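A quick write-up on the structure given underneath.
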Amino acid sequence: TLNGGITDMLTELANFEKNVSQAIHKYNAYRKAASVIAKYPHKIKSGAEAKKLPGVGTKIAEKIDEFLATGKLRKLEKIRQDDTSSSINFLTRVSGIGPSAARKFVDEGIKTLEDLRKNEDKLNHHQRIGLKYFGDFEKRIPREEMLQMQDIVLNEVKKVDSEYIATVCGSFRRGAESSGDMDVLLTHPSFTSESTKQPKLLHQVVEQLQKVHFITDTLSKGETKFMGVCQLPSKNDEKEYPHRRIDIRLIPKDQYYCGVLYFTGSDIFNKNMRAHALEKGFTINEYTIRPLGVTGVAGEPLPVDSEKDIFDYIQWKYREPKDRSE
DNA sequence: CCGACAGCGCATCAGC
DNA sequence: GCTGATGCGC
DNA sequence: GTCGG
Ligand SMILES: O=Cc1cn([C@H]2C[C@H](O)[C@@H](COP(=O)(O)OP(=O)(O)OP(=O)(O)O)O2)c(=O)[nH]c1=O
Ligand SMILES: [Ca+2]
Ligand SMILES: [Ca+2]
Ligand SMILES: [Cl-]
Ligand SMILES: [Cl-]
Ligand SMILES: [Cl-]
Ligand code: NA
Ligand code: NA
């Protein structure tokens with residue numbers, strides 16, 4: 001946190017551009033600059049020094065000079081004073097309320113937590129659950145709790161079918177001492193890139209986790225991706241644990257390594273790696289790495305037998321999960 | 001200068 | 001109903 | 001907002 005003031009400023013600008021301005025490329029530019037500054041191992045002394053880093057340009061350099069000189073950014077001080085911007089920024093903190101829905105709610109005079117709770121009939125299912133657990137979803141998950149959650153998920157999955165493999169990914173697999181939510185990568189030998197020999201593979205696992213009262217709510221659910229809510233059991237006379245967000249992704253078993261690369265992240269790491277893949281003439285998603293032909297059309301999937309294989313194709317030295325927290 | 005910016009699953013909706 | 005665009009999320 | 005070409 002050598003440069004935490006600068007990176008907090010850039011993150012707040014990013015959130016403004018995403019939630020209020022609906023300018024997704026500015027959001028991504030601010031996030032990229034915040035990420036490269038966060039890993040820079042010196043306390044930045046000037047905007048010129050920061051501008052040497054890729055993704056920091058003239059405008060961010062000038063903002064860094066203002067921030068270093070004064071401890072503030074007038075642009076953000078005004079954004080914080082703007083009622084409409086402040087209202088939109090708040091509403092988007094509810095899961096399921098994005099920039100478009102937030103602005104529509106503000107138009108209708110729905111702009112506070114209190115307004116949402118009085119207008120549950122105007123929320124879709126996702127938004128209603130996001131509101132229900134607004135406070136809980138703000139809280140981080142200690143690694144100790146992530147380990148108990150891992151134990152429950154891996155054991156309940158084994159009870160459905162011992163051939164399932166469940167892997168906890170995200171920041172947990174990167175070794176973080178706390179996580180924002182739990183991400184589970186699921187495989188089963190019946191589901192490959194060549195065939196689906198059993199139906200309901202994801203459903204059966206979700207059902208089992210609901211049966212044991214671990215999964216408590218569903219935000220969305222399809223054949224391969226579950227997004228929902230879970231909760232650790234508590235002991236006698238103990239306060240309940242907060243409800244937690246959980247994502248489950250069922251990935252073809254022969255595409256495990258591309259899948260675990262994607263789901264381990266971080267998100268900025270994936271964007272850096274995929275962008276670099278393009279410059280090398282490849283495209284990476286969660287299933288495959290493919291060559292790009294002379295016309296830009298993705299070719300056939302390349303053989304992958306490890307995470308490192310994906311790094312090797314794009315001429316990157318392998319980076320352990322703990323070194324991907326960009 | 002200016003095109004491009006990572007890539008995709010599920011929910012919701014308009015148009016038919 | 002389906003298809004394609006959009007919103008929101010990972 | 002930034003960058004490669
Ligand atoms: O959500 C955003 C995106 C996520 N991902 C991948 C990579 C990421 O690691 C994993 C899970 O997403 P999370 O939001 O749970 O992020 P975590 O790294 O686990 O951090 P937390 O500790 O939970 O905050 O999905 C992307 O590839 N792109 C995204 O845009
Ligand atoms: Ca996570
Ligand atoms: Ca997640
Ligand atoms: Cl933009
Ligand atoms: Cl500020
Ligand atoms: Cl593919
Ligand atoms: Na730069
Ligand atoms: Na939101």
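Proteins get letters first, then strands, A, B, ... in listed order; numbering begins at 1 in each. Computed over heavy atoms, backbone and side chain alike; hydrogens, waters and symmetry mates excluded.
At the phosphate of C/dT6, neither OP1 nor OP2 sits under 4.0 Å from any side-chain N or O atom of A/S100. Contact between the side-chain N/O atoms of A/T58 and the OP1/OP2 oxygens of D/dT2 is not found at any separation under 4.0 Å. Distances shorter than 4.0 Å separate none of the side-chain N or O atoms of A/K225 from OP1 or OP2 on B/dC10. Look at A/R31 and you won't find any side-chain N or O under 4.0 angstrom from OP1 or OP2 of D/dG1. Contact check, A/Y287 against B/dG9: a side-chain N or O comes under 4.0 Å of OP1 or OP2. When the side-chain nitrogen and oxygen atoms of A/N270 are compared with OP1 and OP2 of B/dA6, none of them lie within a distance under 4.0 Å.
Of the candidate nucleotides B/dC5, B/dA6, C/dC10, C/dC10 has the atom nearest to the side chain of A/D181. Checking C/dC8, C/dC10, D/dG1 against the side-chain heavy atoms of A/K26 singles out D/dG1 as nearest. Comparing B/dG7, D/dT2, C/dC10 by their closest approach to the side chain of A/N285 singles out B/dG7. Relative to the side chain of A/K271, the nucleotides B/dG7, B/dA6, C/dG9 differ in distance, and B/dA6 lies closest. Listed nucleotides: D/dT2, C/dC10, B/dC10. Nearest to the side chain of A/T224: B/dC10. Taking the side chain of A/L278 as heavy atoms from C-beta on, and the options C/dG9, B/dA6, D/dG1, the nearest nucleotide is B/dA6.
For the pair A/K200 and A/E223, the salt-bridge criterion is not met [side-chain N within less than 4.0 Å of a carboxylate O]. Contact check on A/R93 versus A/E138 returns a salt bridge, with a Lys/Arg side-chain nitrogen under 4.0 Å from an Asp/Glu carboxylate oxygen. For the pair A/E307 and A/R324, the salt-bridge criterion is met [side-chain N within less than 4.0 Å of a carboxylate O]. Ionic pairing of A/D267 and A/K271 is not present here: no N-O contact between side-chain nitrogen and carboxylate oxygen is shorter than 4.0 angstrom.
For C/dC10, its base sits under 3.5 Å from the side chain of A/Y262 at one donor and acceptor pair at least.
Note: CD1 (A/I289) to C1' (B/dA6) measures 13 Å, nearest angstrom. Rounded to whole Å, atom P of B/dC10 lies 10 Å from atom CE of A/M227. Atom NZ of A/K32 is separated from atom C1' of D/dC3 by 7 Å (rounded to the nearest Å). The distance from atom CD of A/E286 to atom P of B/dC10 is 10 Å, rounded to the nearest whole Å. A straight line from CE of A/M9 to P of D/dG1 spans 12 Å, rounded to a whole angstrom. The CD atom of A/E62 sits 12 Å away from the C1' atom of D/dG1 (whole-angstrom rounding). Residue A/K52 contributes atom NZ, which lies 16 Å from atom P of D/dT2 at whole-angstrom precision.
On the basis of its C1'-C2'-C3'-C4' angle being positive, C/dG9 carries a north sugar. Using the sign of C1'-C2'-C3'-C4' as the criterion, D/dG1 is classed as a south pucker.
Among the protein residues, A/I60 comes within range of the sugar-phosphate backbone only, with heavy atoms under 4.0 Å from sugar or phosphate atoms but none that close to a base. Here A/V184 lies out of heavy-atom contact (under 4.0 Å) with every strand. At the heavy-atom level, A/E17 lies nowhere under 4.0 Å from the strands shown. Residue A/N28 is out of contact with every strand shown, counting any heavy-atom pair closer than 4.0 Å.
Taking the six-membered ring for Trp and the full ring otherwise, the centers of A/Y27 and A/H25 sit at least 6.0 Å from each other. Ring-centre distance between A/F134 and A/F90: below the 6.0 Å cut-off.
With P as the reference atom, D/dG5 and B/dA6 are 16 Å apart, rounded to whole Å. A distance of about 23 Å separates the P atoms of D/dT2 and B/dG7, rounded to the whole Å.
A tilted orientation is assigned to the rings of A/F269 and A/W316, their planes being inclined by 30° to 60°.
Stacking between B/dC5 and B/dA6 is absent, since the six-membered rings do not have centres under 5.5 Å apart together with planes under 30°.
Both thresholds, 5.5 Å between centres and 30° between ring planes, are not jointly met by A/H126 relative to the base of C/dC8, so the two rings are not stacked.
The pairing partner recorded for B/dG7 is C/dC10, the criterion being a Watson-Crick or G-U wobble arrangement whose two distances lie under 3.5 angstrom.
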